[PDB]
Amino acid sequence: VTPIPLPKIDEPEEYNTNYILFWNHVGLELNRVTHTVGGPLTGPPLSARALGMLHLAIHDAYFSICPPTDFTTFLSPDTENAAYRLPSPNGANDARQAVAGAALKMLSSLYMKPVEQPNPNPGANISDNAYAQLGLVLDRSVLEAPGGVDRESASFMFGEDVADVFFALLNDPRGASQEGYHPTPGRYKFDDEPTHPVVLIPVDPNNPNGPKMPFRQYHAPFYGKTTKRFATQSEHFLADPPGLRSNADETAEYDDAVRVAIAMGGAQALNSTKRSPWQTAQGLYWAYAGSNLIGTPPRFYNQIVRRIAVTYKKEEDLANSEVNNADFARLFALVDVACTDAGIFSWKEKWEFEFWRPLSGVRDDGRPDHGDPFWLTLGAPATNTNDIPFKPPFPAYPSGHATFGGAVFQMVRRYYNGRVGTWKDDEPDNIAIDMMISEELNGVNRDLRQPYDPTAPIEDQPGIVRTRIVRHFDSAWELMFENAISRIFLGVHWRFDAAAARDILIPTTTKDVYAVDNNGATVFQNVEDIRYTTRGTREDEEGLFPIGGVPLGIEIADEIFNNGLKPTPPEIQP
């Protein structure tokens, strides 16, 4: 099997001298490779789950051997419930090997061929080449691991056992099943994307050039309501989106949202598009649309967190510093677990409301003076490919990116408060980062003129190269904000999918109608002045709930952090 030539990562090579970071890196490599070959754990929610599982196993393997003082392990060795009982070291005192065994076992269980029955139905769609490519990554990581991997050591074996417990407990084999689901057409209702209503998939994944069959995909419609949560201590809910249920009367907000959607998220050459070149860059920067050699958003968030971690480490030595090892092991567990749970609840709410995407909303609006039956969005970039590929669609409210970002960055804020600076938990921080490059705009990746060739490095394939943009951010508050609004710039999310329009836009004299500049472009509030305070109602529940993905993510992160990273009580699991 010819190894897929992977493009160089924009990050100091010193990072991987630290074994916690190295293993995180391997998880990210598998993330981008699986999205290049169509292997297991694709898509936003499941790819996040994989990283959450990986870091939970690493967390407990390390902290069992080098026990912490201000917190404990996720699972305990004295648990009565066998499923939640952590293995005991019993002599194993090599943390490096414990982490290695944990990481290797977990990733192998996650990405290697589920020969044990699961191959049928569940895995019945993944080619042997996909597994082969993923195996190569795993195989060389063992040889690339700093300090080597001693598979014979007791510590390595302990790590393996830790992984087994977590895999058995949290793996969700049928997480992406769509069996039984079908859209329910109507105003505000999610249905097949008008630009990609059907896909022609090969009857045999091992013969991609053989007979195809028409298929209609929906991304994980039952996952959110059935899957096991990681560390959340309760169920989270969002207000009804404008136009539905208790907020069906919020028509002014909806109408203005349609207006903003057209102006800010339309295709580049449309006369109605008012989005600026810089805003277009902001939209693509956070994309990570599950593309070839790129992967999904959870990968980018980890790339960013890696930089933050190293920039604010307590000790200079990246290779042999237990202070750094513990710090990184704890940070990533917190972040990736928050990311996992964020994916669960955003998906749960997405399929609960089944709110339609701006593309369908604008086209099917029906009012001659409001809609545009021929509107086109800038859309999620089809990076490293020569066309606009069909990707399993999912409802709009709330934004997955917004929820992931809210959770990941609020967690980082809670973790570094009082260490990098001091701030109120709900106000802007000072966790700044420099030289942050997105693979969507790195001067290497591109929009190909012909089909992607996995036997040749991206640089040798003709196409339009993405402009290299090196960014600097002043705070995790900014990262959180921009990550959310980037979806408005692409035209894939409504303004309320991110947060309440009242909390992010500049108001006018007319309620629910917001300010636009000279050229008609929407004006946003300054990041420093943004507070996610506006809540709304739910038809099915009493009280005020958060609006949009960002607020939802913040809440999930605060809850997990406040409880010190504790398992979801089994009694409240679905």
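Residue numbers run from 1 along the displayed sequence.
Stretches 58-66 and 24-32 differ in mean C-alpha B factor, with the higher average recorded for 58-66. Remark: stretch with higher mean C-alpha B factor among 325-333 and 206-214 is 206-214. Remark: of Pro381, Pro297, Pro118, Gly418, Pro118 shows the highest value [criterion: C-alpha B-factor in the PDB entry]. When the C-alpha B-factors of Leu270, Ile308, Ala83, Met106 are read from the PDB record, the largest value belongs to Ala83. Ranked by Cα temperature factor within the chain, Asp429 sits in the middle third according to the deposited record. Among the modelled residues of the chain, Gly148 sits in the highest third by CA temperature factor in this PDB entry.
Per the PDB record, residue ranking by Cα B-factor puts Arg259 in the middle third of the chain. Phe190: CA B factor lies in the middle third for its chain, per the PDB record.
In the PDB entry, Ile530 places in the middle third of its chain by CA B-factor.
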